[PDB]
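Reading through the structure tokens given below for one structure.
When we count neighbours, we look across all protein chains shown, and the Cβ atoms used for this are built from the backbone with ideal geometry, even at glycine. Numbers and lists here come from the model and the stated rules, or from a named source; no laboratory instrument gave them.
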Amino acid sequence: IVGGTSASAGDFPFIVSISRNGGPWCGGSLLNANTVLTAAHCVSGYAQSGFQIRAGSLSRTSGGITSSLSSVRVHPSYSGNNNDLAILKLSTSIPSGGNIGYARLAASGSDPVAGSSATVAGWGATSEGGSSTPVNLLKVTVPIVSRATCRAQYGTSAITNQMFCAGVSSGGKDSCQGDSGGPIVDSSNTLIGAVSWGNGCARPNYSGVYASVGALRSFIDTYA
């Protein structure tokens, strides 16, 4: 997260950190005791044994409850940047309570409205290009950017109806490498997306692009 602030205990109770080969990799959202939602690009094409999830901690290295993966399912139309969600099943179930909870999902057919406030969180780099990643969770609030404006930035075909955008036109606030797969919520604290892609991080005139839960909700419900 670029331009963020420290998360407090009990913020994002459903967030998980996802390590790969023992090192930082991405974020995700705990949907229920044995299921995590993340970005497809975080898991597609990699050995599932490399991954570990941690829930219930501000730290990505220590604390909370961990699990390995039992299975990985990517959206059946996932390709590159499009339809960038995956369902992970956990080898060890994680109960709610304390600083762990489960996400509430945006409805099928919903689409975040331009200009509304969203909050994104993760353990990714704090500088575009940074050499170390924070141990403790960061968060930042950014407005939704209309799909039309985002298409003017990236190209018409590049932004699909299963993506939405968020950021500030002058830059300075965004998700960044290592935040992929982690949550973006709306002003009701409903999970409306996962960190997906963008041109750099926090650049002027290049919004962050998020996989839309509302658009992909049928897939989520099938497998959650």
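Evaluation of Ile1 against the conditions (1) in the same structural domain as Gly172 (by CATH); (2) surrounded by fewer than 15 Cβ atoms within 10 Å (Cβ to Cβ) shows that the sole unmet condition is (2).
Taking the conditions (1) in contact (Cβ under 8 Å) with a residue 24 or more places away in the chain; (2) assigned by CATH to the domain that holds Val120 in turn, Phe219 satisfies each one other than (2).
Take the residues in the range 128-150 that are among the hydroxyl-bearing types (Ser, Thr, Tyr) and within 18 Å of the chain's Cα centre (by Cα); name whichever of them is surrounded by the most Cβ atoms within 10 Å (Cβ to Cβ). Taking the candidates together, the pick is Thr133.
Residue-wise test of (1) over 14 Å from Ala121 (Cβ atoms); (2) basic (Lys, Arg); (3) in contact (Cβ under 8 Å) with a residue 40 or more places away in the chain.
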{"site": "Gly10", "(1), (2), (3)": "no, no, yes"}
{"site": "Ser17", "(1), (2), (3)": "no, no, yes"}
{"site": "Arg20", "(1), (2), (3)": "yes, yes, no"}
{"site": "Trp25", "(1), (2), (3)": "yes, no, yes"}
{"site": "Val43", "(1), (2), (3)": "yes, no, yes"}
{"site": "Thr61", "(1), (2), (3)": "yes, no, yes"}
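Given the criteria within 15 Å of the chain's Cα centre (by Cα) and among the small types (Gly, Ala, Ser), does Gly27 qualify?
Working: within 15 Å of the chain's Cα centre (by Cα): yes; among the small types (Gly, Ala, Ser): yes.
Taking the combined requirement at face value, the residue satisfies it.
Every listed requirement among (1) among the aliphatic types (A, V, I, L, M); (2) touching a strand residue (DSSP E or B) at 6+ places or on another chain (Cβ under 6 Å); (3) assigned by CATH to the domain that holds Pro112; (4) under 22 Å from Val36 (Cα atoms) is met by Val145 save one, (4). Does any residue of the range 14-33 turn out to be within 24 Å of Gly198 (Cβ to Cβ) and exposed (fewer than 14 other Cβ atoms within 10 Å of the Cβ)? Yes.
Could you count how many residues in the range 37-64 are surrounded by fewer than 18 Cβ atoms within 10 Å (Cβ to Cβ) and over 21 Å from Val209 (Cα atoms)? Of the residues in the range 37-64, 10 are surrounded by fewer than 18 Cβ atoms within 10 Å (Cβ to Cβ) and over 21 Å from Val209 (Cα atoms). If you go through the range 68-107 and pick out every residue that is under 18 Å from the mean Cα position of the chain (by Cα) and either loosely packed, with under 15 Cβ neighbours inside 10 Å or among the hydroxyl-bearing types (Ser, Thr, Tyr) (or both), you end up with 6.
Just a yes or no: is a residue in the range 38-47 closer than 17 Å to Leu191 by Cβ and part of a loop (DSSP other than H, G, I, E, B)? Yes.
Okay, residues lined up against (1) within 26 Å of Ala7 (Cα to Cα); (2) touching a helix residue (DSSP H, G or I) at 6+ places or on another chain (Cβ under 9 Å):
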residue: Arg60; (1), (2): yes, no
residue: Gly64; (1), (2): yes, no
residue: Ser71; (1), (2): no, yes
residue: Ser77; (1), (2): no, yes
residue: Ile87; (1), (2): yes, yes
residue: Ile94; (1), (2): yes, no
residue: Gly101; (1), (2): yes, no
residue: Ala106; (1), (2): yes, yes
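Considering the conditions (1) outside the structural domain of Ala202 (by CATH); (2) in contact with a helix residue (DSSP H, G or I) (Cβ under 8 Å, 6 or more places away or on another chain); (3) assigned to a strand (DSSP E or B), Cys165 is excluded by exactly one of them, (1).
Residue-wise test of (1) assigned to a loop (DSSP other than H, G, I, E, B); (2) of a type in the set (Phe, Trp, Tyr); (3) farther than 30 Å from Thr61 by Cβ.
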| position | (1), (2), (3) |
| --- | --- |
| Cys150 | no, no, yes |
| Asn161 | yes, no, yes |
| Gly171 | yes, no, no |
| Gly181 | yes, no, no |
| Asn205 | yes, no, yes |
